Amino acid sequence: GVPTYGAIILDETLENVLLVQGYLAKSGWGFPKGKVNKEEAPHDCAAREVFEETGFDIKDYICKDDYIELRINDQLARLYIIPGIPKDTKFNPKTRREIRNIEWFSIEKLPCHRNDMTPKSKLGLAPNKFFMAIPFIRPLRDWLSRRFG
């Protein structure tokens, strides 16, 4: 996998995070992110994908050591943490061919794992519209507890 870069944007209260909704195979809700171009530095990729998908430019707010990174089936995804963005910010994606909707979600209400179907004696996981975000939720909560209490 070519690495992906993006951001976890929080509001002023630190209660809420900004998610985006795509289409088709990406039809659920996730953190904004995308694939790095040849020769493009990580911070530049994160800013460009977040600006294409949200309309908001994070370049002046990125902190180099403040991010959460995960490897999932051999693709690396790194999300820079960006606190303190006002809830009344006007977000407007660039390509509406990729992004259906943009919303704020309460962190404490988001799932941190999918649910089994052991009520039905059936293997696997039940569908969840937050599937792209879920892996980052527990590591975010733990990062926030350490930096802020």
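All residue numbers refer to positions in the sequence shown, first residue = 1.
K.L.:
Where do the C-alpha atoms have the higher mean temperature factor in this entry, in 28-36 or in 108-116?
P.N.:
Averaging CA B-factors over each stretch, the winner is 108-116.
K.L.:
Between 139-147 and 3-11, name whichever shows the higher mean Cα B factor according to the PDB entry.
P.N.:
Taking the mean B-factor of the alpha carbons in each, 139-147 is higher.
K.L.:
Take the CA temperature factors straight from the PDB entry and tell me which of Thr89, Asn101, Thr95, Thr54 peaks.
P.N.:
Highest C-alpha B-factor among the listed options: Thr95.
K.L.:
Mind checking which third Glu49 falls in for C-alpha B-factor across the chain?
P.N.:
For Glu49, the deposited C-alpha B-factor lands in the lowest third.
K.L.:
Could you tell me which third, lowest, middle or highest, the C-alpha B-factor of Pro42 occupies within its chain?
P.N.:
Ranked within chain, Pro42 CA B lands in the highest tercile.
K.L.:
Taking the chain's C-alpha temperature factors as the reference, tell me which third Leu125 falls into: lowest, middle or highest.
P.N.:
Its C-alpha B-factor, which the entry lists for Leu125, ranks in the middle third among residues of this chain.
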